[PDB]
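Colleague: Experimental structure and sequence below.
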Amino acid sequence: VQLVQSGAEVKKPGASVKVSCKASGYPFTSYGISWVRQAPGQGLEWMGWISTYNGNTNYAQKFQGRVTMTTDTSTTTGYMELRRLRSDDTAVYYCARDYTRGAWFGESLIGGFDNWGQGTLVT
Amino acid sequence: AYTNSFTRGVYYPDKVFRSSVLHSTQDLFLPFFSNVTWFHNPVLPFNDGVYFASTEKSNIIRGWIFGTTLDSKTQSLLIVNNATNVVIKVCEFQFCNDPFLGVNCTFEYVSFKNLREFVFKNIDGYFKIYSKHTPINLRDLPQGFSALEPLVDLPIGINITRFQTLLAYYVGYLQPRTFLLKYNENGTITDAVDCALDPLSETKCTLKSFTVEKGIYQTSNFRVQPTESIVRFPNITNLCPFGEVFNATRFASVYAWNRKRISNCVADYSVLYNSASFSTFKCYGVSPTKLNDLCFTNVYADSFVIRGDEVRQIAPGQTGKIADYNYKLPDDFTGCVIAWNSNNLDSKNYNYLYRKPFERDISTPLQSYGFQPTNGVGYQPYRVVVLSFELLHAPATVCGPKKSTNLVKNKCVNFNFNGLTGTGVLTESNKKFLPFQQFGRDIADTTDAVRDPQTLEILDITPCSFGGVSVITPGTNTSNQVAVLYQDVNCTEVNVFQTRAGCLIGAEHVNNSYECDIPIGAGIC
Amino acid sequence: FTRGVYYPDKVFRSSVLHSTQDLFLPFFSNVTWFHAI
Amino acid sequence: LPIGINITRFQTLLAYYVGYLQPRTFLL
Amino acid sequence: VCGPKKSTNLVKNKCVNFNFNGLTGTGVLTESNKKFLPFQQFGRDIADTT
Amino acid sequence: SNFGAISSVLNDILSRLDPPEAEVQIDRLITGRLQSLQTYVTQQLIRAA
Amino acid sequence: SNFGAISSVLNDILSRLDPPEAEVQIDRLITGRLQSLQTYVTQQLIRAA
Amino acid sequence: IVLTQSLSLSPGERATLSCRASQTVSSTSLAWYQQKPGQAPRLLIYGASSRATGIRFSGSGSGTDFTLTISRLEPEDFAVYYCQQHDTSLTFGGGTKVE
Ligand SMILES: *[C@@H]1O[C@H](CO[C@@H]2O[C@@H](C)[C@@H](O)[C@@H](O)[C@@H]2O)[C@@H](O[C@@H]2O[C@H](CO)[C@@H](O[C@@H]3O[C@H](CO[C@H]4O[C@H](CO)[C@@H](O)[C@H](O)[C@@H]4O)[C@@H](O)[C@H](O[C@H]4O[C@H](CO)[C@@H](O)[C@H](O)[C@@H]4O)[C@@H]3O)[C@H](O)[C@H]2NC(C)=O)[C@H](O)[C@H]1NC(C)=O
Ligand SMILES: *[C@@H]1O[C@H](CO)[C@@H](O)[C@H](O)[C@H]1NC(C)=O
Ligand SMILES: *[C@@H]1O[C@H](CO)[C@@H](O)[C@H](O)[C@H]1NC(C)=O
Ligand SMILES: *[C@@H]1O[C@H](CO)[C@@H](O)[C@H](O)[C@H]1NC(C)=O
Ligand SMILES: *[C@@H]1O[C@H](CO)[C@@H](O)[C@H](O)[C@H]1NC(C)=O
Ligand SMILES: *[C@@H]1O[C@H](CO)[C@@H](O)[C@H](O)[C@H]1NC(C)=O
Ligand SMILES: *[C@@H]1O[C@H](CO)[C@@H](O)[C@H](O)[C@H]1NC(C)=O
Ligand SMILES: *[C@@H]1O[C@H](CO)[C@@H](O)[C@H](O)[C@H]1NC(C)=O
Ligand SMILES: *[C@@H]1O[C@H](CO)[C@@H](O)[C@H](O)[C@H]1NC(C)=O
Ligand SMILES: *[C@@H]1O[C@H](CO)[C@@H](O)[C@H](O)[C@H]1NC(C)=O
Ligand SMILES: *[C@@H]1O[C@H](CO)[C@@H](O)[C@H](O)[C@H]1NC(C)=O
């Protein structure tokens, strides 16, 4: 199993960025995609979780109304669109396979984020 | 180099005296007229047993080695006659790359002009040796008949897959075929019929007589065999969320169990079955290892927490606080009950409450389970998941991880349609199935036709052609030539004559009418 | 009258007289009529 | 529907006819 | 390595309960005229009967 | 007919169960079907007379 | 006759055992009684001939 | 819910890392991660104590007080460890650096 993301980008405040993630080595439908942010010098922040099966998405309050997550099962990918970027959003955005929540039922699971991508840096 | 084994390779199957009798027996014998390899130190397979024969001028062949690796890794059987003393050992021997003779142990024993025949077989750990010595005057084995007698029985318990001959000789292999053995007044075998050699031998074995009278006799049933294998399941690419049932953070209480519907997925049950984390895995209407060959219309997972002592109540035909008031199963329940100890997950915990089949009455009367990490096993919590299986009756949706294959039409195949199996010929039907119907049935309750799970087309299933086989025999007093009639079949399915009664092979058709002698049927004799 | 029949299962059958038993409406039964005025 | 719910009464929501089913044998 | 299953004396011309190695039954033991081969321990009638 | 077996279909028993139990379910069908043939043959022999 | 059943009387089986066990005892009586009728009928048909 | 985490140790020494929660956790929803400099975090422990596939590492705890221990530190353990709680939404602590 391996997750791979897009390269770094630089944006001015008010701009939007689309951060892509692709994955392989497992059936896509059964695992969700977790987005985790890490600003330089900071710890990890959960942004949201999207079901690759039904499109249901949960978001951390800090990003509600700002981030839209989507999936495409035909290419084994997911995307995170961040609207109205601020200088406060300079961070590495990580894509991780997520087994802490059920892809089909939306319920909490006993697990964690096992396979992570390299992290996409957005300025 | 290969030779004709003729009628040799017969031995006395046991130590029982029989006289003036024709006895039918099935055992490992060399097939008549079999293909045997002619040698002038190779390692040969042992298979199910070995026919060995040698022809001698000056005692060139001295012995044999039987075993597996034959390289100081395990036990092997060494049988060698060195000058005058036969030595049998079963030690963990180190053999040479090319062993020959010049001019940890569990058992030890010490004792062309000629033909020495042997039978080497290993049944239930016992190595049986039969042999026969006779003078010859002969490039091949001589033609003739005799039976070999048992001499040695070695209780060694060693697996033999290969053997080698230590120094002409011939090697054949024994097969589980039926023979009719002719015993004389003195208890010896004087003749034999190989019941699987040809249609005349079949007649002789069927009638239990070496000489058979003129007439037509039924000896067997001919059937067309399948040439392919077809695996048909809907091409679902969705891995089935059993992990979301078994690895869940929160489980429901038994008075209010959580019923999760599983559909539109590939159900891999090898994880649940092989996992050692479960305290129990018990299936009632299915085997736990067949679950990956089957396909269900739905799978329902009933998830709940109960006390250890009451795990036994999650079964058909049960009574008790759970079986009667909280979670009742059908008596004819089909599915699997999987459970495990959750003492290190749920215990602290009084949040688990308890009081027709699958009735979930949550009206509020309820008591809590005192689940504590320090209690005894019967008082520890268990997580129970019941997987209720709806068997094929309508199009199935939840199928095991089988790799599908292409479908071959107008040929005999071994088929599997969503768990529905059998042998037959698949052809286009003229039937109109309703949207909820995957298959139909005949008066015999057998499948008449099926819907292909990938393509919305209906195919008829026609059983592979078969019928009785009768042998037409002029009588072995006049001729050993026979003709064979395959009843109610086509000659394209089986000097050939097609008639109403079946396909007659070997008889020459003649336009002149004659008085009937051996009847076939439908005006033909 | 003769209403009350349904397919007892989901298996295709044809050209056959099949005997089954289930929760069917009895023939020529007494059913209550609820008008809508 | 996989309901697990007890049904003893019902109501029709807006002509209609209501009868009751019985475990009887039929030749179809 | 098997124990010494014990034997008894054989009595002829009487109805007895016999045990010969692994074969048992009830009958009368008399001298036969059957020429068994050197390796044959038991004999049979046509319908698989000792 | 089931004859006490879980299923009237032999292939269903074989596809669902392993031999330790499948043989039991099959033996039930064998007794019933063998009995059915014996009944049929007896009736054919009497009718034939 | 018991035919291997705990009781020759069907009512005594039913008053003693719950279905999961009663059915087994009843099947034993059914096989014996059904077999008895088949024997009776065969004899009546041959005698009738 | 908020997590607070609370290391100078030589290779070969035993390490104890800990996190406290402002509210109790289901326990089975506790996970620990290890992030090497220049790399994404990886899962070490899940279910409070269960070891993730491919992972001397052990977790334990209850209520609002949980730990992660390493029986003997290796040069490759000099990473930042994180405490994750996911029973009620998702949160991480600040992270603890081990040298
Ligand atoms: C419930 O979750 C359990 C944990 O799930 C894992 O952890 C969570 C947090 C996520 O990251 C999740 O994605 C992870 O899978 C889960 O247990 C796991 O089950 C799988 C089987 O599906 C196990 O995989 C097999 O592992 C063995 C090796 O095991 C040994 O080594 C490991 C080293 O870490 C030790 O921990 C073990 O105790 C053993 O000593 C492999 O040999 C095996 O490969 C072979 O089999 C597969 C088919 O399964 C073939 O394709 C291969 O070719 C081989 O023939 C697998 O890789 C996994 O180890 C196991 N993890 C743990 C921690 O137990 C559990 O199954 C879930 N329950 C359900 C119902 O899903
Ligand atoms: C054995 O088979 C070969 C073909 O592999 C054939 O040429 C040879 O004649 C056969 N020998 C006998 C004795 O049937
Ligand atoms: C045959 O070999 C055995 C050892 O396996 C030896 O004891 C015996 O004396 C030998 N006999 C002859 C005649 O060489
Ligand atoms: C005999 O077998 C034992 C194992 O039971 C092994 O340790 C020993 O080395 C073996 N001896 C020889 C000579 O192979
Ligand atoms: C023979 O092979 C079987 C497996 O088919 C194995 O269980 C048995 O232990 C083997 N016996 C010997 C003596 O190697
Ligand atoms: C049986 O053996 C005797 C010699 O004891 C011999 O004369 C007789 O011909 C043999 N009979 C048969 C059928 O082999
Ligand atoms: C199988 O694949 C084809 C495309 O090749 C698709 O149209 C069809 O719907 C798939 N069937 C299933 C059951 O998913
Ligand atoms: C359904 O409710 C009735 C009361 O109206 C009760 O008598 C019956 O037992 C209930 N059925 C179930 C399955 O609980
Ligand atoms: C038929 O059998 C007799 C012996 O009963 C024999 O004399 C006769 O020659 C046989 N017929 C033929 C054609 O060989
Ligand atoms: C037998 O096969 C031939 C060739 O296909 C066909 O013409 C003939 O009608 C078939 N006969 C029967 C009885 O099926
Ligand atoms: C029988 O006569 C017909 C002509 O009517 C001919 O075509 C056929 O080949 C003849 N068959 C034989 C066996 O001589």
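Modeller: Structure's in. What do you need? Numbering: from 1, shown residues only, chains lettered A, B, ... in the order given. Ligands and ions are numbered 1, 2, ... in the order given.
Colleague: who's in contact with residue 37?
Modeller: Going with chain A. A:44, A:45, A:47, A:91, A:92, A:93, A:94 (CB atoms under 8 Å, 6 or more residues apart in numbering or on different chains). For the C-beta atoms, the positions are set from N, CA and C on the backbone; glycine is no exception.
Colleague: of all those residues, which comes closest to ligand 8?
Modeller: Nearest to ligand 8 among the contacts of residue A:37 is residue A:47, at 46.5 Å by CB to the nearest ligand atom.
Colleague: how much space between the nearest residue to residue H:65 once chain neighbours are set aside and residue H:4?
Modeller: Spatially, and ignoring its direct neighbours in sequence, residue H:65 is nearest to residue H:20 (5.9 Å; CB to CB, 6 or more residues apart in numbering or on different chains). Distance from residue H:20 to residue H:4, counting by CB to CB, to the nearest Å: 5 Å.
Colleague: These two: who's more crowded?
Modeller: Between residue H:20 and residue H:4, residue H:20 has the larger neighbour count (other CB atoms under 10 Å in any protein chain shown), namely 16 against 12.
Colleague: that's a strand at that one, yeah?
Modeller: Yes: the assignment for residue H:20 by DSSP: H, G, I helix; E, B strand; the rest coil puts it in a strand.
Colleague: where does it sit relative to residue B:296, distance-wise?
Modeller: Residue H:20 is 47 Å from residue B:296, where distance means CB to CB.
Colleague: Produce a ChimeraX select command limited to the buried residues of the contacts of residue A:37.
Modeller: The following ChimeraX line selects those of those that are buried, judged by 16 or more other CB atoms under 10 Å in any protein chain shown:
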select /A:44,45,47,91,92,93,94
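Colleague: surely residue B:395 meets residue B:454?
Modeller: No: if you go by CB atoms under 8 Å, residue B:395 and residue B:454 don't touch, sitting 11.6 Å apart.
Colleague: follow-up on the earlier one: contacting residues for the residue nearest to residue H:65?
Modeller: So residue H:20 contacts H:3, H:4, H:6, H:64, H:65 (CB under 8 Å, 6+ apart).
Colleague: Residue B:184 too?
Modeller: Going by CB under 8 Å, 6+ apart, residue B:184 touches B:19, B:20, B:190.
Colleague: Torsion angles phi and psi at the residue positioned nearest the centre of chain F?
Modeller: Against the mean C-alpha coordinate of chain F, by CA atoms, centre = their mean, the closest residue is residue F:29 at 2.6 Å. Per-residue torsions, residue F:29: phi -70, psi -40 (degrees, to the nearest 10).
Colleague: Contact partners for it?
Modeller: F:2, F:3, F:5, F:8, F:10, F:13.
Colleague: Can you read off the backbone torsions of the fourth one?
Modeller: Backbone geometry at residue F:8, expressed as degrees, to the nearest 10, gives phi -70, psi -10.
Colleague: Count the neighbours of it for me.
Modeller: Other residues near residue F:8 come to 15 when the count uses other CB under 10 Å.
Colleague: Then the second one?
Modeller: One way to gauge burial is a neighbour count; for residue F:3, by other CB under 10 Å, it gives 17.
Colleague: And for the first one?
Modeller: Applying other CB under 10 Å, we find 12 residues neighbouring residue F:2.
Colleague: ok, now how distant is it from residue B:92?
Modeller: Look at residue F:2 and residue B:92: by CB to CB, they are 55 Å apart.
Colleague: give the contact list for residue B:7.
Modeller: Contact analysis of residue B:7 by CB under 8 Å, 6+ apart lists B:32, B:33, B:143, B:144, B:145, B:192.
Colleague: And the residue of chain A found nearest chain C, how far from ligand 8?
Modeller: Nearest residue of chain A to chain C, counting by CB to the nearest CB: residue A:104, 25.7 Å away. Counting by CB to the nearest ligand atom, to the nearest Å, the separation of residue A:104 from ligand 8 is 30 Å.
Colleague: same question, residue B:310
Modeller: Distance, residue B:310 to ligand 8, using CB to the nearest ligand atom: 21 Å.
Colleague: was I right about that residue contacting residue B:324?
Modeller: No: in this structure residue B:310 lies outside contact range of residue B:324 using CB under 8 Å: 11.4 Å.
Colleague: neighbour count winner among the two?
Modeller: Neighbour comparison, residue B:310 and residue B:324: the larger count goes to residue B:310, with 21 against 12 (by other CB under 10 Å).
Colleague: before we move on, what SS does the nearest residue to that one once chain neighbours are set aside have?
Modeller: Leaving aside its sequence neighbours, residue B:310 sits nearest to residue B:322 (CB to CB, 6+ apart; 5.3 Å). For residue B:322, the assignment made with three-state DSSP gives helix.
Colleague: Likewise for residue A:34?
Modeller: Strictly by three-state DSSP, residue A:34 counts as strand.
Colleague: residue in chain A nearest to chain F?
Modeller: Taking CB to the nearest CB, chain A has residue A:27 as its residue nearest chain F, at 25.8 Å.
Colleague: That residue against residue B:238, yeah?
Modeller: Yes: between residue A:27 and residue B:238 a contact is recorded at 7.3 Å, counting by CB under 8 Å.
Colleague: phi, psi of residue B:272?
Modeller: Main-chain torsions, residue B:272, degrees, to the nearest 10: phi -70, psi -40.
Colleague: Chain neighbours aside, what residue packs nearest to the residue of the stretch 51-200 of chain B at minimum distance from chain H?
Modeller: Nearest residue of the stretch 51-200 of chain B to chain H (CB to the nearest CB) works out as residue B:73 at 34.1 Å. Spatial nearest neighbour of residue B:73, chain neighbours left out: residue B:92 (7.5 Å); criterion: CB to CB, 6+ apart.
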